[PDB]
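Okay, input-v8.txt now, which holds compact mmCIF, C-alpha atoms:
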```txt
# COMPACT_ATOMS: atom_id res chain seq x y z
CA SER Q 15 -3.23 -7.72 -11.81
CA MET Q 16 -4.81 -8.30 -8.40
CA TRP Q 17 -4.04 -4.78 -7.20
CA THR Q 18 -5.72 -1.55 -8.23
CA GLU Q 19 -3.93 1.72 -7.49
CA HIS Q 20 -5.36 5.24 -7.34
CA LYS Q 21 -4.36 8.65 -5.93
CA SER Q 22 -4.68 9.21 -2.19
CA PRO Q 23 -3.42 11.30 0.82
CA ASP Q 24 0.08 12.81 0.58
CA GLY Q 25 -0.60 13.10 -3.14
CA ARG Q 26 0.42 9.59 -4.09
CA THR Q 27 -1.23 6.46 -5.44
CA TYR Q 28 -1.83 3.39 -3.28
CA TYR Q 29 -2.38 -0.14 -4.52
CA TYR Q 30 -5.54 -1.84 -3.31
CA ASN Q 31 -5.44 -5.61 -3.58
CA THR Q 32 -9.00 -6.45 -4.62
CA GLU Q 33 -8.85 -10.10 -3.56
CA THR Q 34 -6.57 -9.83 -0.54
CA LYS Q 35 -8.03 -6.41 0.34
CA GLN Q 36 -4.68 -4.82 0.88
CA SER Q 37 -4.57 -1.07 0.33
CA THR Q 38 -1.08 0.37 0.85
CA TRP Q 39 1.95 1.91 -0.88
CA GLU Q 40 4.36 -0.93 -1.66
CA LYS Q 41 5.70 -3.22 -4.38
CA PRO Q 42 2.67 -5.42 -5.30
```
For this file, produce the structure as C-alpha cells.
Amino acid sequence: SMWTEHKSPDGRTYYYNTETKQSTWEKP
C-alpha cells in the first residue's frame, strides 16, 4: 500500500516506501 516495488540490481524487485522513503528488499 505504502510501498512500491520494481526490478533492480541482482535481478530482483525492491520495495520503495513512498512515504517513509524506504527502498530495500524485505517484508513490507
- If you measure from atom CA of residue 36 of chain Q to atom CA of residue 24 of chain Q, what distance in Å do you get, rounded to one decimal? 18.3 Å
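Between atom CA of residue 27 of chain Q and atom CA of residue 39 of chain Q there is a distance of 7.2 Å.
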- Message: With all atoms listed in the file as the counted atoms, please give the residues lying no more than 6 Å from residue 31 of chain Q, apart from itself and same-chain residues fewer than 4 positions off, as a VMD selection string.
- Response: chain Q and resid 16 to 17 35 to 36
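Here atom CA of residue 41 of chain Q stands at a distance of 12.5 Å from atom CA of residue 15 of chain Q.
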- List the neighbours of residue 20 of chain Q out to 10 Å using all atoms listed in the file; skip same-chain residues closer than 2 positions along the sequence, and give me the result as a ChimeraX atom specification. /Q:18,22,26-30,37
Produce the centre coordinates and the three edge lengths, each in Å to one decimal, of the box along x, y and z that contains all listed atoms of segment 31-40 of chain Q with 4 Å added on each side, as JSON.
```
{"center_x": -2.3, "center_y": -4.1, "center_z": -1.9, "size_x": 21.4, "size_y": 20.0, "size_z": 13.5}
```
